[PDB]
Structures are given as structure tokens and as C-alpha cells.
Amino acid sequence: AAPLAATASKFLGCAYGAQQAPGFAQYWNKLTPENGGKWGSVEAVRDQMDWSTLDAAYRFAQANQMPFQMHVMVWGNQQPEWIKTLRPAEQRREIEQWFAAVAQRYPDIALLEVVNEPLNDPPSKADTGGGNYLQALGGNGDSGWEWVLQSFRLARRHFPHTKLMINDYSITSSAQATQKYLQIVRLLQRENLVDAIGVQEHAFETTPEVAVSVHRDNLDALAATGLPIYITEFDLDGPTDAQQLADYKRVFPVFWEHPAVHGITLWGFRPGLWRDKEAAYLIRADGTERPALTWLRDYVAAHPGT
């Protein structure tokens, strides 16, 4: 079979890892590595780089000619443990060496997710995987977002031909969150530091107590920057097949039909994805397609865009 978005104007991709691999290229035409590209995955031990899981994602993407999103340079979970007790100047050299290592090894990255979750999970904690390196990037600084500016500056320097993206959750569910995120975007745009705006859109962001008109209005606000939008980590819970179907019909089209949205990435489709307990998967354990996926195939084929 051909992937769902084979003939569409924008990609429909998915998180990739061992449980998501079966049939993957028969459905999806873009990928993000689920975990292997977090800095704690590669450099759990200082100065030894375990590229195995990341190379698996990249090699599969290349073999299938599908765009690769590198996930993720800077984040507040799954960072190396040993960096937390280094002095800021040494932490900074480690961050710069990580950015150089990824750019050397992976020259064909389609979208570089430089910072994830600046509003929600900055690298300011000293718990397990917290990183504790905010100060190595200038901290909040004068603008309140110095460390985000410094992350993007490093990305521009080390990846001079690569599209750079910011990513976060719980953005389009609130005008106030959208306006906070756009202030970070505005600061970045003073130095032309960012090329794309990501919003995750997990299930907990799209519940029906916020109308879809709110999300659509906040997409229009994000689009007014002139930058492409990407939906990065989309999922809908499936306590029953029918709840999952109803939610896909309600929510998915608002993002898919938005003219400034240039791709959607599902955050898994088979059991073992992040929201496994909430049954967000679209294929059951016995390999059969759920009603939401039957619908999604037909909906996407009917909505190629441009």
C-alpha cells in the first residue's frame, strides 16, 4: 500500500521506534525518532556517543526517501546526567559539541527541532534527566528567553543549511498561551533565528471543553508570522473505537485543512506509543485497523490540498 498522504500537498508522518516500525512506510511519509535523538540517549556517558537508535531512524528515513525531523537538541527531560554538576562554561562547551556532532553525522535533516517545550519544560531542573544547563545558555537574560536565543544561534552556526523549528504543547488551546509563544517567536525573528513553528497537539490539548474555533483562531495568529506551522505529536485517545472516531472527525480536519500547516506527525499508531494506556493507537494488538484509521485514510485521500 501507498502512504495515506502519498498524493497530498503536505506530509502525514509518525513517530518512529521499534514498536512503530511494522508497516510504517505503508502508512506514513515523514518521521521523527521517538527517543534516540534526545541528548541523554546519545551521550549517557560523557564523551561517548551511542548513535545506534538515531542511526536506525535516519537510515530508515533515507532508505524510504522521507523527510527526517531531528528530535531534539535542547529539552528539560532525557538530558545527560553528568552535565548537571558542571560549571556553566563547561556545560556550554558540551552543548556546542553536541550540536556539532549531530550536524556532522546527519547532513540531510529536513527539520531541526532545536528547543522543545520552552513554556512548559525548560532545562532548569536537576532531577533525573533534567540537564540543569539553563545558565550555560544565558538563563532568562534581558528578554526573558535568552537561553532559547542562544540555542537557535548555535543551531544557525552549526547547521547553516537546515530549517530550524521551535516546538511546544498547550498552545492553540488558549489565546493567552498563543500570545506567550508568539513573544518567543518575535524575539527569535529579531535575529531571523527560526524557520518553522511546531505545536504538539496531543489528546490532552484538544479535549472538547475548548471549541475547535479557539484552536483555528490561534493557528491563524501563529500563521500571521509568515512562518510554516507543523503539528508535531498528534494523538487522540480511544477508550472506545467510537470516542476515537468522533474525536478524529472533530479535531483532525481543523489542522489538516489549515493553509499554513505544512505537515502533521502522529505520535505513534501501534500499541506501545506514548499514550498506550489511553488507547491512542490506531491499529490493535491483533493487527487490525480501528474505525478512526479507516476514516483517516479516506479523509486524507479526499483532502489533498493546494
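Throughout, we count residues from 1 along the sequence that is shown.
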| property | result |
| --- | --- |
| 46-54 set against 264-272, stretch whose average Cα temperature factor tops the other in the entry | 46-54 |
| Comparing 194-202 with 104-112, the one whose average Cα B-factor in the PDB entry is higher | 104-112 |
| From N35, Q26, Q244, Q69, residue of greatest CA B-factor | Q26 |
| Of the residues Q150, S213, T172, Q179, the one carrying the largest Cα B-factor as recorded | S213 |
| Lowest, middle or highest third - CA B-factor, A61 | middle |
| Third assignment of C14 from its chain's C-alpha B-factors | lowest |
| Assigned third (lowest, middle, highest) for the C-alpha B factor of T128 | highest |
| CA B-factor placement of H161, once the chain's modelled residues are sorted into thirds | highest |
| Lowest, middle or highest third - CA B-factor, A285 | highest |
